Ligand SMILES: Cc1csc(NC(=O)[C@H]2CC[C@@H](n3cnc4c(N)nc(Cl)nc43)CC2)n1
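Just the one chain here, laid out as structure tokens, in the form solved without the named molecule.
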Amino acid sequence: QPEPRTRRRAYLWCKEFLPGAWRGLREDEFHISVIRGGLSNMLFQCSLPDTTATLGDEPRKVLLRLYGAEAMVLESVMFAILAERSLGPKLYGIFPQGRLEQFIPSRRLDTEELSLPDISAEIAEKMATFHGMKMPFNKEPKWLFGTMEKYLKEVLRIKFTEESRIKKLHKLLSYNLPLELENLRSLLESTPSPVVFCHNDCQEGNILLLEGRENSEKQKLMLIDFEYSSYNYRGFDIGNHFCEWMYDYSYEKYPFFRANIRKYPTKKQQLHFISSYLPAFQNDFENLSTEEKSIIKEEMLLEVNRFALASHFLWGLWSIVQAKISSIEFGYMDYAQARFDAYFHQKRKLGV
């Protein structure tokens, strides 16, 4: 149900980028609905009249994405490659204000569904698959600390007015974040983790349950929303996803999420995850001595659980930045504290 400005532009983009019955479509026969509002990444559904016949390949329906409010070449290139490789939505139109993507009938996963075994198992293969991909991007694992550093620096020089924000900020600064960041760096630099191509934001909202596939056991999911992807420590991608088991963002009152540290996957669950990931990420694995299979798994658990620490720290720092620059209704500061609570609680669990 868009506003007159968009939808007219939406109409123009579709008629000009989409082949088939689109190219002759009149404005008056153009259907567009909202999927998400806001000011950053607005989403719309666009479609032909149901009375209108497609001529060929062209889709009956597409997703319009407006970038809203030159790393945008990397994002664009990346998205086009995953499309060609069928890992992502097909790409029908790229232009300065946004893109036109394949519409994929689906819903997103809920937080509690992440712990379902088949779900978890598939997510593990998908992420594996994702990791084996060559991408024309810088292969140096600089993203994780480069990004945390960047946020830290921002964080240190931001000043709130509103009282409750000024308080929450000082308590977080109590921890001495620069010292802690460095503590975390040395801890992780001593933690071997293969640099690969990482989703980096693999949470339930960015995983699709594909329609008509809810019976297929290993084949009903697609990972989307690749905006944070980059070559990174594998441990981060897996640990960050483990961390997401703990957070529910569908909560309808301020601060608009629930943290539950008891929901972090158990040892048995993590093993169930990486037991799908591992054979999906390398060849000979399936038939290594059952004795050495364990050694890798046990080491992989220390790895992901350590890097899950970076997930807490990164997104905690990120969250604080969002509290200053974002207008979206979300308790970013409360969510900041939550991630640092988990950070230190997770610390005490690992004896590190």
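Note that residue numbering follows the sequence shown and begins at 1.
The next section is about a form of this same protein that is not shown, the form deposited with the named molecule bound.
**Report entry** Residue (of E180, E113, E125, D225) lying close to the named molecule in the deposited bound form, criterion heavy atoms within 4.5 Å
**Finding:** Exactly one residue meets the criterion: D225.
**Report entry** the named molecule: the contacting residue among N176, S86, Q102, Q219 in the deposited bound form [heavy atom, 4.5 Å]
**Finding:** The residue from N176, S86, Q102, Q219 that makes the contact is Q102.
Query raised in the report: Closest heavy atom of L208 to the named molecule in the deposited bound form, within 4.5 Å or not?
Result: Within the cut-off, so yes.
Query raised in the report: Do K167 and the named molecule come within 4.5 Å of each other in the deposited bound form, heavy atoms counted?
Result: No, no contact at 4.5 Å.
Requested in this report: Could you confirm whether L63 comes within 4.5 Å of the named molecule in the deposited bound form, counting heavy atoms only?
Outcome: Result yes; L63 sits at the interface with the named molecule in the deposited bound form.
Query raised in the report: Do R108 and the named molecule share at least one heavy atom pair within 4.5 Å in the deposited bound form?
Result: Contact check for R108: yes, within 4.5 Å of the named molecule in the deposited bound form.
Report task. Counting only non-hydrogen atoms, choose the one of 280 to 288, 43 to 51, 296 to 304, 22 to 30 that falls within 4.5 Å of the named molecule in the deposited bound form. Result -> After filtering at 4.5 Å, what remains is 43 to 51.
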